[PDB]
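Novice: Got an experimental structure here, sequence first:
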There are 6 protein chains.
Amino acid sequence: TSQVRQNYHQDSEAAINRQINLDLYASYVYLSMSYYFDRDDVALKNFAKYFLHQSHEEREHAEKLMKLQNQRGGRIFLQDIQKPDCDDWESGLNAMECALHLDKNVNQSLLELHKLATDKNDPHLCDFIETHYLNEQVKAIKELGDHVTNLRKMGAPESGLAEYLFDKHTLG
Amino acid sequence: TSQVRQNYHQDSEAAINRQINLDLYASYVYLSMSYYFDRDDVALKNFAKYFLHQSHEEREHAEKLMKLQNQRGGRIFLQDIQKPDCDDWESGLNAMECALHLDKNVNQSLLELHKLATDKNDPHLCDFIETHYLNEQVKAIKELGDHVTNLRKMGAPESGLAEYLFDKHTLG
Amino acid sequence: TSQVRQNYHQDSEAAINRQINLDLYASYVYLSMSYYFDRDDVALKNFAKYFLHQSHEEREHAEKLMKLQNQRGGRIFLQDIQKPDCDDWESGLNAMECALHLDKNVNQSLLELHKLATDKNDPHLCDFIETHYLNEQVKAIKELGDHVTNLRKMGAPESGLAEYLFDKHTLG
Amino acid sequence: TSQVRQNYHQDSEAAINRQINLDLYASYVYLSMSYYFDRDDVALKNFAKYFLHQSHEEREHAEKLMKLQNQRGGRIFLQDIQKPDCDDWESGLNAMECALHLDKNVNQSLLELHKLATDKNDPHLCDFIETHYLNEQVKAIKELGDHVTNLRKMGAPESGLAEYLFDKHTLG
Amino acid sequence: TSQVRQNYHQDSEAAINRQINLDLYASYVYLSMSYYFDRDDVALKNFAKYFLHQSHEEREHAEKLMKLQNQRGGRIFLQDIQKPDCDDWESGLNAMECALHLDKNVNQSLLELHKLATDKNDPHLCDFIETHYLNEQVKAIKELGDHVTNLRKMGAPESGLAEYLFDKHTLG
Amino acid sequence: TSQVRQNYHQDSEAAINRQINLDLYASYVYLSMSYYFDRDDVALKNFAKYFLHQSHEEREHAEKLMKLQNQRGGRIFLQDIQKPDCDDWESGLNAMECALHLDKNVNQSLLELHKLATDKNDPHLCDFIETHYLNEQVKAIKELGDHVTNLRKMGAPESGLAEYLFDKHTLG
Ligand SMILES: [Ca+2]
Ligand SMILES: [Ca+2]
Ligand SMILES: [Ca+2]
Ligand SMILES: [Ca+2]
Ligand SMILES: [Ca+2]
Ligand SMILES: [Ca+2]
Ligand SMILES: [Ca+2]
Ligand SMILES: [Ca+2]
Ligand SMILES: [Ca+2]
Ligand SMILES: [Ca+2]
Ligand SMILES: [Ca+2]
Ligand SMILES: [Ca+2]
Ligand SMILES: [Ca+2]
Ligand SMILES: [Ca+2]
């Protein structure tokens, strides 16, 4: 038992390790998406930039959890970071839809983590999740929803013009 | 009778109170429109910004009338601010058409108020209305007309691309 | 169901709509109070300024809730904004006492909203209310209490001198 | 009953008074430690500076609680501030170990206070404790743990060289 | 016997420890007074600020004595800091009268300490007391006398207006 | 076949994909090491900082290869990023020794990649590897060798003092 450990349940420690992996996985998905848009036969530089930014953001979230783990006297246990489900992401719209799905899954995990912290009467962990993650996640989801709506209304994915103009005017 | 009151007819005092309510109502309509465009399934941020600006402008007009009421020794009597006729505003074009209709109704009220002030030989009130409101209203109406014309010519509301591009290039 | 919606109960959505209306109502009360102090037979410019500031603050609170509603995939439904209970607010002390009563009623609503969010296991909504509203409300109430105490100790409302000096030295 | 009081349980009011005393006590412990390191036969100026900083921090925490008490309409009741358990703190390592023990006891009190606020459905008080104290306390504990680890690994307390070098390189 | 100790009598060492406690006690009294004026039913912010400043000043005096103790090779022995005699300080005038009484008691202790240092032929200690404390104390007493006089002449404590105006114009 | 593809062998494309994975793996190893040194029972902040820097560097190398893949008309295929071989890295020296081993393995892969590019007469790929990676890798290896030597000479890992001082004076 760590000399710093206090009011930190074994289950919370484990759930934090799972959340670290999930955040790294989400970083990897966004990395994959980014470089798809960098392909010469896709060539949407601002979609590429957008998802690369998301990738780095997820990695930062992971690192903050690793810091939290140590702050509470828990022990970090890393797992394989799974390759994303797709190598080819189809279109800007499809990638945005996939990102929305991903962010809602990450949000579900955050909510379960918060439920667990609540059940274990760990107000420090509840506060940590609220402070750093819950509103961040709601904002991300809202933004992805907004992007999906605009792309659909513009005529994506069939309109390559729509995805081109969205790349310039929203993502650029 | 207020110690400051002079040449200020009871009817004018009452019409000013009605105009205060109408301006607050118009503020509320524009507030409603603004946040419609903030919905994730509408997502036109510059339409949202445009109508929020209009909302605050109408509130300022109301406050200036409340100040006028007191300046002349009249007494402010507030009424309920009615909820707008619509919760869902359909499209950017439809909202602009609705705003045009609203601004012309407010203009009609201003003109009737000016007629009343003229009939009561209240040149201070005539001047107040001319100075702060009549040209402001003509400019607003002209701008809304311009916006409606462009949206129609671009292919709104059926073209989601048209409303997207107008949001970026005119309202942004 | 909104593409962004997640862990957001129907009851919470409805309570948010009620809170939007209550905040707009509170904005309206403070607007009414402000311009009472602008009357030539009251003439306390800093009481006027104080309540106008409060009015704009309540409107901002309302707008932030409208933003929250959309962020979570809820749908804004606006209602009439009721006229305040008084047209004449009597004295600076009486208005401050009325403001205290109002702020405690708004606080009660916030607390019920937080209870509802807690009951529906919505930590994002709990956090939103805590972050933006609960401490703001406690500070407001404390300040109004302070003002009431000073006005009473100075001899308000019978001492017009007391209300004059408080206007200058506390509110100015 | 205070005119500002709302949703503030008698038990919470009392627990806040106990927490004020505990924070003042912790301020006193750290004051005692600081000046031990100022002795000519101890002479570790940066250990002295470190604990004096901690002392002032605990006093600030106490004052913020006194402010909270009044904000909520509670009434501050002060108690004797007990002298620390030791006059002589032995060594830098021993003092750090004692500080760790102290901070974990203060943390336990904070957690019990948060449990009480949770049980009394006082989300404002929960938020206050989370905002100002829980993460602050976790950071403090982590830092003290870090210091203890380094001092032990360096060969303290038997190595006067170790405590000298830690004073220079970590605390200086 | 400390390697630095020279011409420092056991009795002086002990009297310095008593003076440290008295200064901490005076810090505590002023802390208590400060937050009384922070209550919503007292609400004199500049009385609050004034006494908080005094509190910090007394703590600084205590710390300087702790430094002196070590400088001379004496050993600091801390005692409980007694809670102040009052929880409720009644009025601004009453608190000022209480502060005057306190400062004169502290002054009496300083004078006895100086007598002791004189009797033990300790010119360094005599000089320390003269330099840091005797004139400081005379100035404090004079200022408190001045404040009491003005408050009485203005009609305090019965005039809440008097205490309000003194808070603004002397303490603000 | 990509419209940009020219003189880019299938085998090279595949080896680039393997190198991307290896770089991501090396990023993960260094991430793991970094946060080990962040543990409260290890507490070497500059070892932590050093390895975190290395982690980000490896990720950048990976991203540059992903860019290269697309530049040449190859197709990125991502694989699982394997968890590092250790969860606990023992000591600063042991981690440095492990980093040296890792960097030499990465170097071996780079050299094989360069051999492959040479065998396939791909001077652009040879130049890319030389420009961005070969000298970078030699410098990294040299630095890690230097660090290992100093740690050993200082008496690590048995001397916790040695690792403490190296953390301060070399890594800080
Ligand atoms: Ca994101
Ligand atoms: Ca796999
Ligand atoms: Ca307008
Ligand atoms: Ca109605
Ligand atoms: Ca307010
Ligand atoms: Ca009504
Ligand atoms: Ca501390
Ligand atoms: Ca005792
Ligand atoms: Ca919270
Ligand atoms: Ca003083
Ligand atoms: Ca006692
Ligand atoms: Ca490197
Ligand atoms: Ca594996
Ligand atoms: Ca070359």
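Specialist: Thanks, I have the structure now. Numbering: from 1, shown residues only, chains lettered A, B, ... in the order given. Ligands and ions are numbered 1, 2, ... in the order given.
Novice: CA atoms for contacts and neighbours, from now on please.
Specialist: Fine.
Novice: what comes up buried for stretch A:109-119?
Specialist: Under the neighbour-count criterion of 16 or more other C-alpha atoms under 10 Å in any protein chain shown, stretch A:109-119 has A:109, A:110, A:111, A:113, A:114, A:115, A:116, A:117, A:118 buried.
Novice: Reformat those residues as TSV; add distance to residue F:49 and secondary structure.
Specialist: Putting the buried residues of stretch A:109-119 into TSV (distance: C-alpha to C-alpha, whole Å; DSSP: H, G, I helix; E, B strand; the rest coil) gives the following:
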residue	distance to residue F:49	secondary structure
A:109	29	helix
A:110	28	helix
A:111	31	helix
A:113	28	helix
A:114	30	helix
A:115	33	helix
A:116	32	helix
A:117	30	helix
A:118	33	helix
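Novice: any idea which of those residues is closest to chain D?
Specialist: Of all the buried residues of stretch A:109-119, residue A:118 has the smallest distance to chain D: 10.7 Å, by C-alpha to the nearest C-alpha.
Novice: Could I get the contacting residues of the closest one?
Specialist: Residue A:118 makes contact with residue A:126, according to C-alpha atoms under 8 Å, 6 or more residues apart in numbering or on different chains.
Novice: do residue A:163 as well
Specialist: Taking C-alpha under 8 Å, 6+ apart, we find residue A:163 in contact with A:92, A:93, A:151, A:156, A:157.
Novice: Help me confirm that residue A:107 comes into contact with residue A:134.
Specialist: Yes - Residue A:107 lies in contact with residue A:134 (C-alpha atoms under 8 Å); the separation is 7.4 Å.
Novice: Would you mind measuring from the closest residue to residue A:78 other than its chain neighbours to residue F:24?
Specialist: Nearest residue to residue A:78, sequence neighbours excluded (C-alpha to C-alpha, 6 or more residues apart in numbering or on different chains): residue F:83, at 6.2 Å. Per C-alpha to C-alpha, to the nearest Å, residue F:83 is found 11 Å from residue F:24.
Novice: who has more neighbours, the two?
Specialist: Each of residue F:83 and residue F:24 has its neighbours counted (other C-alpha atoms under 10 Å in any protein chain shown); residue F:24 has more, 26 against 17.
Novice: does the host helix or strand of that one come close to chain A?
Specialist: In this assignment (DSSP states H and E), residue F:24 forms part of helix F:10-37. Yes - residues of helix F:10-37 contacting chain A under C-alpha under 8 Å from any C-alpha of the partner chain: F:32, F:35.
Novice: Report the angle between that helix and helix A:10-37.
Specialist: Computed by axes from the mean of the first three to the mean of the last three C-alpha atoms, to 10 degrees, the angle separating helix F:10-37 from helix A:10-37 equals 150 degrees.
Novice: same for helix F:10-37, what does it pack against?
Specialist: Applying 3 or more C-alpha pairs under 8 Å, 6 or more residues apart in numbering or on different chains; DSSP states H and E, we find helix F:10-37 packed against helix F:45-71, helix F:92-119.
Novice: For that helix, which residues meet the burial criterion?
Specialist: Buried residues in helix F:10-37, counting neighbours by 16+ other C-alpha under 10 Å, are found at F:12-37.
Novice: starting at the chain centroid, how far to it?
Specialist: Helix F:10-37 has its C-alpha centroid displaced from the chain centroid by 7 Å (C-alpha atoms, centre = their mean, to the nearest Å).
Novice: tilt between that helix and helix A:45-71?
Specialist: Interaxial angle of helix F:10-37 relative to helix A:45-71 (the same axes, to 10 degrees): 30 degrees.
Novice: Now do helix F:10-37 against helix F:92-119, angle only.
Specialist: Using the same axes, to 10 degrees: helix F:10-37 against helix F:92-119 is 170 degrees.
Novice: quick revisit: redo the contacts of residue A:163 as a markdown table? Include distance to chain D and neighbour count.
Specialist: Listed next are the contacts of residue A:163 as a markdown table, based on distance: C-alpha to the nearest C-alpha, whole Å; neighbours: other C-alpha atoms under 10 Å in any protein chain shown:
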| residue | distance to chain D | neighbour count |
| --- | --- | --- |
| A:92 | 40 | 27 |
| A:93 | 40 | 22 |
| A:151 | 40 | 25 |
| A:156 | 44 | 21 |
| A:157 | 45 | 16 |
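Novice: Enumerate the residues of chain A near ligand 9.
Specialist: residue A:127 (C-alpha under 5 Å from the ion).
Novice: Show me which residues of chain A sit near chain F.
Specialist: Residues of chain A lying close to chain F by C-alpha under 8 Å from any C-alpha are A:2-4, A:32, A:35, A:38-41, A:66-67, A:70-71, A:73, A:76-84, A:87.
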